[PDB]
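Read through the structure below, which is laid out as structure tokens, and then see the notes.
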2 protein chains.
Amino acid sequence: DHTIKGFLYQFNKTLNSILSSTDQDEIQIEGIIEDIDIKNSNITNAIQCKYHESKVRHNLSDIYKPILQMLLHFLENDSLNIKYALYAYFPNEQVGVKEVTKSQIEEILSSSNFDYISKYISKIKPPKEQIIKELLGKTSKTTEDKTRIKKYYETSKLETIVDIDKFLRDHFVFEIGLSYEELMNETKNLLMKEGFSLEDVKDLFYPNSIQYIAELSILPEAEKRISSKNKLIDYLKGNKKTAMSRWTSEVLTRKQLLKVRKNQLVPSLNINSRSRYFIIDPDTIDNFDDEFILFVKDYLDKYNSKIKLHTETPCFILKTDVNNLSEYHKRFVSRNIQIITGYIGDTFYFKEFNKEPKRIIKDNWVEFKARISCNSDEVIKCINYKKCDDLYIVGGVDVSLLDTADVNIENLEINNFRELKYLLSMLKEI
Amino acid sequence: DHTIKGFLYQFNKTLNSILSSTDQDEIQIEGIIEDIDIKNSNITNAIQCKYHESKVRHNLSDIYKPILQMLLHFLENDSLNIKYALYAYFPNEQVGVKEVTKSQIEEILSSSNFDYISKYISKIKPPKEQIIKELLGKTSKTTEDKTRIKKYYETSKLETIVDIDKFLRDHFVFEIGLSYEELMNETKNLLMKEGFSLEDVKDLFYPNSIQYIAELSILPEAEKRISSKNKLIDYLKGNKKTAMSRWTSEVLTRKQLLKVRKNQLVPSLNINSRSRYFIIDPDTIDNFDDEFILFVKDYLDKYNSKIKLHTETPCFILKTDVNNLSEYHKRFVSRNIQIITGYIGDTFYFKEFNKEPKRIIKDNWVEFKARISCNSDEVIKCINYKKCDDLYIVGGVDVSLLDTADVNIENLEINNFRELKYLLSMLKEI
């Protein structure tokens with residue numbers, strides 16, 4: 001997890017450098033010199049990223065290898081105007097530029113690790129003995145050779161070819177980096193400064209930029225790893241524009257199809273005396289439990305509100321169990337809506353489900369306004385006994401046991417209650 | 001770049017496992033056992049991700065460390081029903097399950113590397129010499145001790161406690177993984193299988209999922225690293241919905257949004273006998289004190305004028321104190337408008353606020369035309385006792401104390417009474 005967090009921190013630092021850089025700056029992600037290679041008109045900036053969240057206090061030995069690497073690179077590229085930067089984070093170190101003295105650099109050159117001595121210190125400090133040079137030139141080194149080289153470099157005083165003073169003064173800078181959360185927040189704020197909203201940065205821009213940095217990092221070709229602020233901005237803007245256009249066109253086509261379906265269905269919904277049955281699968285409608293009561297209330301308010309004109313009681317059949325039906329009955333009763341389920345406890349009764357409600361026109365009273373039950377065999381037998389005029393199917397419920405001869409079937413392809421209300425002409429526009 | 005590519009391959013494999021798993025499977029990103037820990041009802045699946053794009057052919061030494069660590073974990077957890085999987089990619093190896101023989105496993109245990117011998121082989125093959133045991137138990141080991149241990153393990157034949165046959169037969173499986181591009185394409189195809197379009201996956205879903213995996217990978221707490229297919233799907237759907245809503249907004253001007261809201265609100269406002277409640281914060285409406293009386297008078301003229309047809313009394317709940325309510329009551333009485341507040345001095349009365357107005361149709365008389373009070377706890381209890389049909393909120397007033405089950409909540413975003421009148425269909429044009 002630590003290595004993943006360090007790589008994410010390096011990617012965030014690269015993104016921050018890209019955002020903070022000008023339009024004339026070419027930045028090579030995972031560059032040849034260091035992790036971040038920022039190439040200006042005349043100065044090339046190389047940044048090495050390290051993560052040390054688990055270290056209480058910064059120590060010189062923690063940065064032996066990167067400092068030796070940059071020293072060797074400066075020795076091999078002294079004629080090039082390359083500025084080396086070390087970006088390492090330490091929780092207990094103040095954020096800012098930290099000076100490294102020549103004595104500290106000399107202490108790095110006196111490290112006892114054999115790997116550093118053989119890789120960087122040997123080239124920085126050439127051995128004055130030909131035997132040591134031959135030992136260092138061997139591709140494969142035995143343990144005795146390693147011990148001999150380590151002892152020779154620990155005991156012998158060797159001059160430094162690399163100009164330590166000039167390197168430290170001009171081509172070196174050490175900065176204590178921010179925390180991963182702070183760096184991410186700063187990068188997001190920089191993304192916000194480019195005209196992007198905070199929500200847009202959080203949802204789309206930041207993950208897209210992180211993925212772009214990760215994809216460019218793994219490219220073996222270094223030329224393909226060269227990026228710039230303008231390219232990233234254009235990529236993000238194009239992605240956002242394409243997403244907006246797609247999400248508009250799909251909705252436009254969906255609205256056209258739904259309007260066609262609504263005009264198909266509207267002739268039969270204007271007749272005041274039709275028996276309409278609905279078979280609904282709760283798993284195909286978003287937020288069914290929270291919105292089913294209000295949908296039935298609105299349907300009753302529109303199609304079952306006039307006591308003298310509306311004579312047929314609607315029916316709703318749900319793909320659910322009896323306990324959910326009892327809970328829905330509780331919620332309907334709490335809202336002063338009279339329904340009938342046909343279930344007393346866990347037993348179904350034929351004579352209860354199929355009874356016609358009693359009406360008192362003077363008192364504006366109907367015994368019950370709707371039938372709500374489950375798709376059990378007895379309920380389907382009840383439906384088959386008293387055939388309906390219009391049979392609406394929502395969610396592709398298996399109606400294989402229904403007798404559909406001479407029954408108008410209307411399959412509805414919806415995914416939310418707003419669309420269902422729009423199709424049944426209970427809304428003017430979605 | 002190779003390490004970053006391997007980490008991205010591991011992330012893609014984790015995402016593929018999450019997408020291919022069922023809703024009952026718990027998957028731990030960067031799990032305790034291996035990189036991917038899939039916990040089923042009875043079997044725990046551990047997957048180790050290895051990337052070897054730079055290796056021409058697969059060698060047994062390339063999988064020494066993961067196999068040794070896996071064998072040690074099995075030895076320490078033999079009683080647990082954990083299935084261990086090794087997911088390593090090789091460009092020239094056919095994709096599929098590759099069998100590892102017992103002879104190959106024995107060859108792994110005979111490796112000459114000191115690190116493997118000291119870490120895993122020592123526990124798998126305990127040394128029969130107490131001196132070797134003491135040397136292995138040392139926190140710091142000298143070069144002489146390392147050489148002695150290496151020679152002892154190279155020369156001595158030690159029995160294996162781990163049941164190699166049972167491990168290979170039941171708890172071991174080695175699979176040659178797909179390439180990084182192929183794995184990414186398969187993951188994207190799985191994302192499309194969830195109902196997402198290819199463009200949506202490419203632009204939003206895949207980078208968001210990769211960022212989510214990376215963020216969960218760096219969490220030090222193992223429990224917080226547990227994810228599931230349903231959680232990822234819900235997170236992606238929520239991000240898509242938020243982006244869709246935000247980008248659909250901010251394009252139309254203020255008037256177009258107000259017209260859309262008006263057309264949404266009209267159908268409920270067109271019914272003659274609905275109980276409508278308003279909750280208003282005066283601080284978010286300009287010139288509230290001067291214009292509140294006129295707004296209520298217009299609302300009563302529009303929606304509470306017909307004595308025979310309008311049978312429900314509007315309720316206006318304000319965010320003020322009792323003294324302001326008394327001043328408003330004075331101003332209402334001065335204009336021949338009958339309202340009730342439920343307050344007699346500084347004491348609220350439950351029966352004085354829930355009573356129904358009396359009507360004399362012959363005299364065109366209604367006892368009171370509106371209820372106006374403050375948002376105190378007793379008042380909130382009174383509204384909760386008698387639920388309404390439409391609940392309009394103007395100003396983002398806190399409605400936590402309201403029981404908002406099976407009620408139509410309609411938030412209205414205005415800044416003056418003109419917009420409120422326009423939304424409530426009492427003005428033709430602003």
Side-chain angles (χ1 to χ4, degrees), chain A residues 1 4, chain B residues 6-7 9-22 24-52 58-90 93-111 113 115-117 119-126 160-178 183 213 216-217 222-223 225-228:
Chain A
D1 59 328
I4 293 167
Chain B
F7 275 127
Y9 189 76
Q10 175 185 331
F11 295 156
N12 274 281
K13 183 53 185 176
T14 308
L15 195 56
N16 186 285
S17 302
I18 288 171
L19 290 170
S20 307
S21 75
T22 71
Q24 297 181 354
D25 303 330
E26 286 190 347
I27 297 167
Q28 195 168 204
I29 310 164
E30 282 289 332
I32 306 169
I33 310 172
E34 297 288 347
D35 305 334
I36 313 164
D37 289 352
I38 306 175
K39 291 182 180 174
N40 299 334
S41 49
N42 292 335
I43 304 174
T44 301
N45 285 317
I47 308 174
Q48 173 73 243
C49 299
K50 294 295 176 200
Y51 201 66
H52 289 132
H58 156 64
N59 290 315
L60 196 70
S61 60
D62 306 326
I63 53 171
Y64 277 177
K65 182 182 176 186
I67 280 186
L68 282 166
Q69 291 177 307
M70 185 180 288
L71 273 161
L72 176 55
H73 191 283
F74 172 63
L75 174 65
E76 291 177 355
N77 300 274
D78 64 334
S79 59
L80 294 174
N81 193 1
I82 301 171
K83 185 178 184 179
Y84 303 95
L86 184 57
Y87 203 80
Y89 162 67
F90 296 93
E93 287 289 336
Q94 191 176 2
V95 177
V97 179
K98 191 166 192 159
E99 284 192 341
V100 178
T101 63
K102 185 177 185 163
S103 51
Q104 284 173 317
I105 297 292
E106 288 181 350
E107 188 178 8
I108 300 161
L109 292 171
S110 64
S111 176
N113 199 332
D115 189 77
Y116 298 156
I117 290 169
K119 282 179 178 164
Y120 324 118
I121 309 179
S122 65
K123 297 183 174 190
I124 294 164
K125 289 183 172 181
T160 308
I161 301 180
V162 191
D163 197 348
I164 300 171
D165 292 308
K166 179 191 170 192
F167 159 77
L168 294 175
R169 188 186 64 219
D170 305 331
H171 302 283
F172 174 79
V173 65
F174 178 43
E175 187 180 357
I176 300 298
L178 294 159
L183 186 63
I213 300 305
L216 286 198
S217 298
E223 293 186 348
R225 298 184 288 188
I226 302 172
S227 194
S228 69

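Values below: every heavy atom of this structure, side chains too, minus hydrogens, waters and symmetry copies. Protein chains get the first letters and strands the later ones, always in sequence-line order, with residue 1 at the start of each.
The stretch residues 30-45 of chain B participates, sequence neighbours left out, in no salt bridge (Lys or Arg N to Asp or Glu O under 4.0 Å) pair at all.
Residues satisfying the salt bridge (charged side-chain N to carboxylate O under 4.0 Å, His left out) test with B:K102, not counting sequence neighbours, are B:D165. Residues satisfying the side chain to side chain donor-acceptor pair (under 3.5 Å) criterion with B:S79, sequence neighbours excluded, are absent altogether. Residues meeting the ring-ring contact (aromatic ring centres under 6.0 Å, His included) test with B:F11, sequence neighbours left out: none. By the side chain to side chain donor-acceptor pair (under 3.5 Å) test, B:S227 is found to be paired with B:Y212, residues two or more places apart in sequence or in another chain being considered. Every residue two or more places apart in sequence or in another chain was checked for a side chain to side chain donor-acceptor pair (under 3.5 Å) with B:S228, and none qualifies. In terms of the ring-ring contact (aromatic ring centres under 6.0 Å, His included) criterion, residue partners of B:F172 (sequence neighbours excluded) are, by chain and number, B:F167. Remark: B:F7 pairs with A:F7 by the ring-ring contact (aromatic ring centres under 6.0 Å, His included) rule, at least two apart or across chains. B:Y120 pairs by the ring-ring contact (aromatic ring centres under 6.0 Å, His included) definition with nothing, not counting sequence neighbours. B:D163 is linked by a salt bridge (charged side-chain N to carboxylate O under 4.0 Å, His left out) to nothing, counting only residues two or more places apart in sequence or in another chain. Applying the salt bridge (charged side-chain N to carboxylate O under 4.0 Å, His left out) rule to B:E26 yields no partners; only residues at least two apart in sequence or on another chain are considered. For B:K119, the salt bridge (charged side-chain N to carboxylate O under 4.0 Å, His left out) criterion is met by B:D115, not counting sequence neighbours.
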